[PDB]
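Before any questions on how it binds or moves, here is one chain, the form deposited in one PDB entry, in structure tokens.
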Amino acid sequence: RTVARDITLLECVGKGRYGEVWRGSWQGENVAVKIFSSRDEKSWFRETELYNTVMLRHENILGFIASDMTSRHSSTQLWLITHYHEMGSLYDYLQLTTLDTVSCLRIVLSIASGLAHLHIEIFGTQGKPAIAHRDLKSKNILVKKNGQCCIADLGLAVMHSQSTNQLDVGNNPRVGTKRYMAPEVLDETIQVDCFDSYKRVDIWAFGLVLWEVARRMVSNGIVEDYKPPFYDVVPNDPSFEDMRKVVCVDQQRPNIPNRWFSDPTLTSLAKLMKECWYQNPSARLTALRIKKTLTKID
């Protein structure tokens, strides 16, 4: 029922090498429309597969509405239509407000719950395969009205089924965001035919998002300004070589502000954080473990 022809493009809320994101009106209601760039057409195919064939659906995953193609301007555009969240991306949201303890934990737990849903296979007839995201970042997370978040952008998803032991890495020349790239990626030791490798890459990236969020939690009247990971050692649009020097050569990691050690929540989150950042990919916590821990912290 929801098709591109019937959506009114109202406002452009995002632009990048992926294409554009629009706020659209469909029967009055707001919808989110990602119009893919020509260079990113493979990500549209992958997302269309996950949302339509795998039927991905979870309260902490961006709500899919429909895939469509529309011919306009003597070209054919690939659309991905999703729910629209007034609060926007976690990246923009953190820059416009600070958090108390409850709101900080609600955010990071909701992301953990979203990531656990992806990583965990559901067995049986029409079961869902295990899925690794591979481009988790604050710009690929949206904030819902109930204070929870949801994960978006499945263009690089990798899937695995324990039964057949089938690994499906797709076929996409797209490379994850360099700022959030794990060390085993930057120095090319990652084992590309092992599904656990891609999950561990998600955990590294998650750790960085948890750092971005915690910085905005107020404790004892103190709070850090929003900053992206490695803001102090790499420039904007950091190069591959820039990231390997910081993450691999100098074995650097996001700094923990000393004021975090005066707050029990931030101290536990600091520990959680770092346990996502091991150079040794197999030492990192699993998504389910993160979710469990976040459920107990208060």
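Heads up, when I say rigid core I mean the largest set of C-alphas that superpose within 1.5 Å between the two forms. In this text, residue numbers run from 1 along the sequence as written.
- Compared with other PDB entries of the same protein, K199 is present in all of those that resolve the residues around it, none of them, let alone a third, dropping it.
- For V209, the fraction of other compared entries lacking coordinates, among those that model flanking residues, is zero, nowhere near a third.
- Between the stretches 125 to 133 and 81 to 89, it is 125 to 133 that shows the larger average CA temperature factor.
- Checked against the record, the higher mean CA B factor of 176 to 184 and 97 to 105 lies with 97 to 105.
- Reading the B-factor column for the CA atoms of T265, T48, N258, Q27 in the entry, the top value corresponds to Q27.
- Taking the PDB entry at face value, the top CA B factor among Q191, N165, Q148, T76 belongs to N165.
- Annotation for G63: CA B-factor lies in the middle third of the chain's modelled residues.
- Annotation for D196: C-alpha temperature factor in the highest third relative to the rest of the modelled chain, per the entry.
- Compared with the other modelled residues of the chain, the Cα B-factor recorded for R284 ranks in the lowest third.
- Annotation for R72: CA B-factor lies in the highest third of the chain's modelled residues.
- Per the deposited record, the Cα B-factor of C12 falls in the highest third when ranked against the other modelled residues of its chain.
Keep in mind that the form deposited in another entry is not shown, yet the notes after this line are about it.
- In a rigid core superposition between this form and the one not shown, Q126 is the single residue of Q126, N220, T97, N146 whose Cα is displaced by 2 Å or more.
- After superposition on the rigid core, displacement of the C-alpha of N258 between this form and the one not shown stays below 2 Å.
- The Cα shift for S239 between this form and the one not shown, taken after rigid core superposition, is smaller than 2 angstroms.
- Superposition of the core reveals a Cα shift of less than 2 Å for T267 between this form and the one not shown.
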